[PDB]
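Cβ placement follows ideal geometry from the backbone for every residue including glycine, while neighbour counts extend to all protein chains displayed. Read-outs: derived from the displayed coordinates by stated rules, not from any lab.
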Amino acid sequence: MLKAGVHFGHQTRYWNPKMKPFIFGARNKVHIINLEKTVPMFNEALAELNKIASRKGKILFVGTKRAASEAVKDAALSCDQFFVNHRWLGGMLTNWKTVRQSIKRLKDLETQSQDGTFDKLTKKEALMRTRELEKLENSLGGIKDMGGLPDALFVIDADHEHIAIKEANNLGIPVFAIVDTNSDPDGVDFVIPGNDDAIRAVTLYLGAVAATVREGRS
Amino acid sequence: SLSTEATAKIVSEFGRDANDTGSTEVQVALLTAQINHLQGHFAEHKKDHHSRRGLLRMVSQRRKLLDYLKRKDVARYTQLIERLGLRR
Amino acid sequence: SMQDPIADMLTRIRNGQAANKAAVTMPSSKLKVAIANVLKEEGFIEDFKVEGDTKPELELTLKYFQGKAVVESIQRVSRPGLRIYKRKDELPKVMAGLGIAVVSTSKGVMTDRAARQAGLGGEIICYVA
RNA sequence: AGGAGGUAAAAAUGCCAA
RNA sequence: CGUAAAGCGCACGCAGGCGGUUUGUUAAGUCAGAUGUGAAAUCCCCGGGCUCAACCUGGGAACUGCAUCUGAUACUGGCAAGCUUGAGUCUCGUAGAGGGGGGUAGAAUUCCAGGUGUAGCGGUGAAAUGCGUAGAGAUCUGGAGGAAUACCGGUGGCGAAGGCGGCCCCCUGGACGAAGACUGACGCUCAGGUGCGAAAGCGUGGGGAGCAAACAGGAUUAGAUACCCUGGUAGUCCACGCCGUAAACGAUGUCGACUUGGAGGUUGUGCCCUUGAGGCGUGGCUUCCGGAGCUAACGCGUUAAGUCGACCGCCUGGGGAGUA
């Protein structure tokens, strides 16, 4: 079943040979992934994250790629969940006892700048703090609403965000990666094959993971 | 050279037929036809050590086949060397 | 110079597990099929097939439990440069019992536990840890 | 994106053990 | 045993070691049972006796061994009949600094004879030695001689290694490819043995342009029997013998099988639309990167230093010493 007109594949010769379970060549020598093995495993993943959605579990979303950051911001607040859409911070989960100290620094400066000391002492240095704020606003985006560690982790590109999959596998976190043919699907538990460089492809997976986790928060 | 004319008489003279180019007796008669042939070549030169090595393979190829044939088929082994005039 | 096809069999088995393959196909024999029976009854493999008439290619089928290989490590002992035979009472034991050792006795190709219980030694082919 | 020419007169050694 | 000590420079090969696959036979090896012996003491075991202990003693266990008889026959071996996949042959072709021999051509240097022509040239950090007014150097014509083969030319090709480069002929090795045919394990490895083996040396007889150990002069320097400069003999060249060593080095022995990929080079070949620098394969060889794995690490990574098999060579702290 063609769920939409893009799942097929990418990278055209830079294929990791440990994705030999799901490949198909084409005229331009590209590796197409066939749907007949991923769309059951796609519907495998959508059931398995509703199991942890019933636990009131915190699900975090990752992926930037300059053209996927837009809807990860959108699909996270679409249900209630959390996301890192901008440039990821290497070492935030396995060193959460040090990135929390900047989260606490954020919620001071988010509180005081939104009303209060934005003028009181130095106008130029008040522009320093709101120059400090908005760069911290995107890097620590929807993480400040969570508190503590997540329970799962839905990735949209295995190769690009390879720090987090290595970081989450240091702890006990089952992750969910949309994998492209160039990456290596070993650290991911619930591997999902499919394209991830087309914008219309990402709105399928983000639209599915949002609407399913809405059903899981009963 | 041991031309296609030259070998075709040898395989007819020794083989079970003309299609029998593989026998032990055919190969030895091919080697002694060539080992004798290059004796004229390796007289005036005597210092071409490179192509002399290809003769020493042809010698040692012949020696291993006779020791196989003697272990196998003694009646034809003492047929060939008096058909060729070799073995010391 | 393929001077020992039994060690070639286990080296196909050992590398076949490390590459996570499905099958391993090799030329057949009388002794190689006799060993592959002892692994099949032991549960170390799935059932084999002897594919061929005159150029017989024996194929195997591997087994993995979680992601690990079912065969931990398999190594030949009586190699063609040094053959080892032992009696009944001086039989070996692999993993203090819970690893097998396929031996060759005059009554046939038997396990370590069987030929000790049948009470006769023979040619110790290889250990399966 | 690719590519050519030109560019230093000599100048040594430093005690034993910590 | 890539770099810590250790792969013979490379090859061929006798003895030696190891050997595909199917069937039958024997039963040597091997395995089973039994008898004979394997002295006792000693050790061990379960017991006993000296107040206990050491000491002494009862029986078993052992003596892992060889020999015999009866067996068992998978495996190895011996014998006999095979088989084809290992090796080998034949047919058609391709590519190549593979080798030996004999020719041959151009550029250039040096020299020789001269023409024109005029004071330097040459060299260097600078200079000097040297050369030049007896006419150099610069230039032109002509001639001789030796040696080497610009461009092509490339981690390109070839060879066992050393190594091999204008072109042409003759003799000649080896590899590779396609579709068929044949022989039937004829195989792998290799002590001793035999063969090849850069450069430099050595011997005889030729050759000698250039280059250049020694040597001389000039500088340099504290000194400089060195770098640098000007010269310059052996030597390098050829024919034939000898020497037998190199960082003779992918510092990695040879053969075979197996185990993710990617970008090229080179040389075959098939099919397809040659329809255009193609499309998809299938072989040989080669370069770089890199996964699992391995490794002390660095790094090797289908051409292993991965996972195994068969033989061979060698290592055992450094010096003394690869010396006496």
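Measuring against 29 Å, Cα to Cα, the residue pairs A:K51/A:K166; C:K49/C:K88; A:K3/A:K73 contain C:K49/C:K88 as the ones spanning a longer distance. Would you please name the GluC sites (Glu not before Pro) within segment C:1-77 that are DSSP coil residues with at most 16 other C-beta atoms within 10 Å of their C-beta? Counting only loop positions with at most 16 other Cβ atoms within 10 Å, the GluC sites (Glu not before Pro) in segment C:1-77 are C:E46, C:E72.
Using C-alpha pairs under 8 Å with a sequence gap of at least 6, the mean separation divided by the residue count of segment C:1-71 gives a relative contact order of 32 percent. Structural descriptor for chain B: relative contact order 23 percent, calculated from alpha carbon pairs under 8 angstrom and at least 6 residues apart. Cross-link reach is defined here as a Cα-Cα straight distance under 13 Å, omitting same-chain residues fewer than 8 places apart; for A:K56 the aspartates and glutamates meeting it are A:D80, A:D151, A:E215. Only helices enter the 222 nm calculation for the protein assembly as shown: every DSSP H run of n ≥ 4 contributes -39,500 (n - 2.57), and dividing by all residues gives -14000 deg cm²/dmol, rounded to 500. Fraction of C-alpha pairs exceeding 42 angstrom in the protein assembly as shown: 54 percent, rounded to a whole number. Please work out, to two decimal places, the log10 of the ratio I(q)/I(0) at q = 0.07, 0.13, 0.19 Å⁻¹ from a Debye calculation in which every Cα of chain A carries one identical scatterer. Debye curve over Cα of chain A, log10 I(q)/I(0) at q = 0.07, 0.13, 0.19 Å⁻¹: -0.25, -0.76, -1.40. Annotation: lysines with alpha-carbon distance below 21 angstrom to A:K29 (same-chain offsets under eight excluded): A:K18, A:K20, A:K37. Could you tell me how many degrees, from 0 to 90 and to the nearest 10, lie between the Cα long axis of helix B:24-44 and the main elongation axis, the longest principal axis, of the Cα atoms of chain B? So the inclination is approximately 20 degrees. For the pair segment C:62-90 and segment A:158-217, the centres of their Cα atoms are 42 angstrom apart.
How tilted is helix C:5-18 with respect to the longest principal axis of chain C? Cα atoms for both, answer in degrees (0 to 90, nearest 10). Between the helix axis and the principal axis of chain C, the angle is about 60 degrees. Across segment C:72-129, Cα pairs under 8 Å and at least six residues apart give a relative contact order of 48 percent. Here is the size of segment A:26-131 from its Cα atoms: Rg then Dmax, 20.6, 66 Å. Annotation note: trypsin sites (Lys or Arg not before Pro) in segment C:1-73 located in DSSP loop regions with a Cβ neighbour count of at most 10 within 10 Å are C:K30, C:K68. Shape summary: segment A:136-218 maps onto an equivalent ellipsoid whose semi-axes, from the alpha-carbon gyration tensor, are 20, 18, 14 Å in decreasing order. Helices that extend 15 Å or more along their long axis by alpha-carbon positions and average at least 0.5 on the Kyte-Doolittle scale are, among the DSSP H runs of chain A, A:199-216. Average projection, convex hull of the Cα set of chain C: 8.4 square nanometres.
Counting other Cβ atoms within 10 Å as a rough exposure proxy, the listed residues B:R83, B:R71 run B:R71, B:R83 from fewest neighbours to most.
Take chain A, mark every one of the chymotrypsin sites (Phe, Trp or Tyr not before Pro) that falls in a DSSP loop and has at most 16 other Cβ within 10 Å, then report the longest stretch left between them, sites excluded. In chain A, the maximal stretch lacking such sites is A:119-218. Ordering C:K55, C:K93 from the fewest to the most neighbouring beta carbons within 10 Å gives C:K55, C:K93.
Take the Cα coordinates of segment C:72-129, assign each an equal point scatterer, and use the Debye formula without solvent to give log10 I(q)/I(0) at q = 0.29 Å⁻¹. One equal scatterer on each Cα of segment C:72-129 leads to -1.26.
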